[PDB]
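**Q** Sharing a structure here in structure tokens format.
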Number of protein chains: 2
Amino acid sequence: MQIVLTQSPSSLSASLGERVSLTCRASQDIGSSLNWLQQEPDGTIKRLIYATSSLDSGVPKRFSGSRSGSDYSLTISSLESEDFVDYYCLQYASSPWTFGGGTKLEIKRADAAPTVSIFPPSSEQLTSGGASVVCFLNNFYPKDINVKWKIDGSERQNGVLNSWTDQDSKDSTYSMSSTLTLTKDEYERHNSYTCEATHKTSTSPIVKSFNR
Amino acid sequence: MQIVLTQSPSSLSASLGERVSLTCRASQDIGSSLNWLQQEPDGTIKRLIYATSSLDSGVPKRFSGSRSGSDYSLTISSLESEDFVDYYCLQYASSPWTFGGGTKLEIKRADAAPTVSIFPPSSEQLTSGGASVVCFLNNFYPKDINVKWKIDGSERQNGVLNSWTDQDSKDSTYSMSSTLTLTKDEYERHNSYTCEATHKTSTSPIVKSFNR
């Protein structure tokens, strides 16, 4: 049986100067044999902490590692802007070596509803095969959101491409585009087009629509 | 001894059933103490190979690890669709443990020029926080692309967010949005807005504009 490391939380929202802890629970005893890794935006992975508690050379003092039973914690005493990256626990007590799911440090922000814009497809696009209806969802928080597409009241699930931004460095919000990619034929078959957005900040969905 | 692992190549394009090799050169002797990791797009990390040559339990036979002096190689004999992810070498011969820069496998395809679409901001958007001009660059390959913004012929450098999609599973292309955030005042000061793209597949830059 592979040792499973349950990493808490998956996403952690905090502010500059906050004290935060990442927890990593081992499914079987690994003793002191846990390392803490950091993955930078350039994709590079470093080891911060080894053997549960020990700081690697050059690692800032604000990083510290502890163990409470089968729960291993990385603690950052006072968060800095460089620290809002991905973190992984790694156990090397047993083969195979296994990693936690990871923890993304994210900047905590007041909840924001998305500004929703719906654009019908271009005349240039339309005369060639394709018809893409684009739905913009701008500057919402938190990241968790849902977009439905409706054609003449009826939900359409397929032919939909969703693209998210990372957290905005300026205002700490998320944006996303949903594209309902379609044929010229299909588009002119139906009349009414609606993307509806479901977010924490509204008990009922935000709807944007158009016809011909 | 603090050991540098030089990983080749940084990016690797190949097709289904192709044989590929990753190299990882150690700056100092690490003996057989090198592991090969796989990172899934969701950020999950597995160990495929340990102690240079050994396959971890359940790892497919098409993965193989070898060493030629201080050069350590991961070979995938016949690529499958699940295999087009990130790979890292990891040495544990010396403290601190160090990783290679990484290697992203992508699916090779014919070079594609982006289709450029420009969306002016909504009235709702324009009054409320950011007034966003959005420039879509669709179904281009390779992923590397550069997008400038011009306002009435003058280049705008700040208030621009550039966001990539992962490689499309259907057609192996990349898409990309460039968002020029602007003040309500700034926007209605000027009339002409232009995103201009530099890509391999165009000898000259790709231009989209609109006026008021």
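Ordering of the structure tokens sets the chain letters (A, B, ...), residue numbers begin anew at 1 in every chain, and ligands are numbered from 1 in the order given.
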Which chain B residues are at most 8 Å from chain A (counting only C-alpha atoms), as an MDAnalysis selection string?
**A** chainID B and resid 43:47 56:57 95:102 122 124:125 163 165
**Q** Please produce a file of those selected residues containing N, CA and C atoms, as a short mmCIF file (atom, residue, chain, number, x, y, z; two decimals), in the first residue's frame.
**A**
data_model
loop_
_atom_site.label_atom_id
_atom_site.label_comp_id
_atom_site.auth_asym_id
_atom_site.auth_seq_id
_atom_site.Cartn_x
_atom_site.Cartn_y
_atom_site.Cartn_z
N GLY B 43 -0.98 19.90 -11.09
CA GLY B 43 0.13 20.15 -10.15
C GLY B 43 0.53 18.92 -9.34
N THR B 44 -0.18 17.79 -9.48
CA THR B 44 0.14 16.49 -8.81
C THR B 44 1.51 15.98 -9.26
N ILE B 45 2.35 15.50 -8.34
CA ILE B 45 3.71 14.97 -8.64
C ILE B 45 3.76 13.47 -8.29
N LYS B 46 4.27 12.65 -9.21
CA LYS B 46 4.59 11.21 -9.02
C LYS B 46 6.09 11.01 -9.21
N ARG B 47 6.66 9.95 -8.62
CA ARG B 47 8.00 9.41 -8.97
C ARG B 47 7.80 8.24 -9.94
N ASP B 56 9.24 2.54 -10.42
CA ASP B 56 8.32 2.44 -9.26
C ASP B 56 7.15 1.53 -9.62
N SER B 57 6.52 0.93 -8.61
CA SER B 57 5.35 0.03 -8.76
C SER B 57 4.29 0.72 -9.62
N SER B 95 22.84 17.18 0.45
CA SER B 95 21.96 18.26 0.97
C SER B 95 22.46 19.62 0.49
N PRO B 96 21.60 20.50 -0.05
CA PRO B 96 20.18 20.21 -0.24
C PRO B 96 19.93 19.33 -1.47
N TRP B 97 18.82 18.59 -1.45
CA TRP B 97 18.24 17.92 -2.64
C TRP B 97 17.96 19.00 -3.67
N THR B 98 18.31 18.76 -4.93
CA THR B 98 18.11 19.74 -6.03
C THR B 98 17.40 19.05 -7.19
N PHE B 99 16.69 19.86 -7.97
CA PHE B 99 15.84 19.46 -9.12
C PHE B 99 16.37 20.12 -10.39
N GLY B 100 16.13 19.50 -11.54
CA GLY B 100 16.36 20.13 -12.85
C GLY B 100 15.35 21.23 -13.10
N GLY B 101 15.58 22.06 -14.12
CA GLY B 101 14.66 23.15 -14.50
C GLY B 101 13.29 22.64 -14.91
N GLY B 102 13.21 21.38 -15.35
CA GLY B 102 11.98 20.76 -15.86
C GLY B 102 12.01 20.63 -17.38
N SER B 122 -17.60 46.87 -22.66
CA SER B 122 -19.04 47.09 -22.36
C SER B 122 -19.22 48.46 -21.68
N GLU B 124 -21.29 48.88 -19.12
CA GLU B 124 -21.23 48.44 -17.70
C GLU B 124 -19.77 48.44 -17.23
N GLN B 125 -18.90 47.67 -17.91
CA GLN B 125 -17.44 47.58 -17.65
C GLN B 125 -16.82 48.98 -17.57
N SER B 163 -2.71 36.12 -21.14
CA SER B 163 -3.16 34.83 -20.54
C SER B 163 -3.20 33.75 -21.63
N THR B 165 -3.89 29.60 -22.86
CA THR B 165 -4.55 28.29 -22.64
C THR B 165 -3.47 27.21 -22.60
#
**Q** Calculate the C-alpha RMSD, in Å to one decimal, after superposing chain A onto chain B by least squares over all C-alpha atoms paired in sequence order.
**A**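 Least-squares fit of chain A onto chain B, C-alpha RMSD 1.1 Å.
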**Q** Got a sec to tell me which of region 13-161 of chain B DSSP assigns to alpha helix (DSSP H), as an MDAnalysis selection string?
**A** chainID B and resid 123:127
**Q** Determine which residues of region 47-172 of chain B DSSP labels as strand (DSSP E) from the backbone of this structure, then write them out as a ChimeraX atom specification.
**A** /B:47-50,54-55,63-68,71-76,86-91,98-99,103-107,115-119,131-140,146-151,154-156,160-164
**Q** Please list as a VMD selection string every residue within 12 Å of residue 19 (chain A), counting only C-alpha atoms and excluding residues in the same chain fewer than 2 positions away.
**A** chain A and resid 12 to 17 21 to 22 62 to 64 74 to 80 83
**Q** Grab the CA of residue 131 (chain A) to CA of residue 131 (chain B) distance for me, in Å with one decimal place.
**A**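 Between CA of residue 131 (chain A) and CA of residue 131 (chain B) the gap is 25.9 Å.
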**Q** For a quick check of understanding, using only C-alpha atoms, which of A:10, A:192, A:183, A:53 has the smallest distance to residue 126 (chain A)?
**A**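 Ranked by minimum distance to residue 126 (chain A), first place goes to A:183.
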**Q** Need the shell around residue 73 (chain A): protein/DNA/RNA residues with any atom at most 7 Å away, counting only C-alpha atoms. Skip same-chain ones fewer than 6 positions apart. Format as a PyMOL selection string?
**A** chain A and resi 21-24+65-67
**Q** Quick one: residues within 6 Å of residue 174 (chain B), only C-alpha atoms counted, chain neighbours fewer than 3 positions away excluded, as a PyMOL selection string?
**A** chain B and resi 139-140+143+167
**Q** Could you turn the residues from that selection into a file that holds C-alpha atoms, as a PDB file, in the first residue's frame?
**A**
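Generated output (part.pdb):
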ATOM      1  CA  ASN B 139      -5.389  28.368 -32.608  1.00  0.00           C
ATOM      2  CA  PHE B 140      -1.685  29.307 -33.128  1.00  0.00           C
ATOM      3  CA  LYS B 143       2.911  28.618 -27.976  1.00  0.00           C
ATOM      4  CA  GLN B 167      -2.406  22.906 -25.558  1.00  0.00           C
TER       5      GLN B 167
END
**Q** Interatomic distance between CA of residue 60 (chain B) and CA of residue 4 (chain A)?
**A**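 One can read the CA of residue 60 (chain B) to CA of residue 4 (chain A) distance as 20.3 Å.
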**Q** Show me, as a PyMOL selection string, the residues that have an atom within 12 Å of residue 187 (chain A) when counting only C-alpha atoms, minus same-chain residues fewer than 4 positions from it.
**A** chain A and resi 120-121+125-127+129-133+151-152+180-183+191-193+211-212
**Q** Find the distance between CA of residue 110 (chain B) and CA of residue 141 (chain B) and write it in Å to one decimal.
**A**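 So the answer is 7.3 Å.
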**Q** Quick one: residues within 9 Å of residue 147 (chain A), only C-alpha atoms, excluding same-chain residues fewer than 5 positions away - as a list in words?
**A**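 Residues meeting the cut-off are residues 135, 162, 178, 195, 196, 197 and 198 of chain A.
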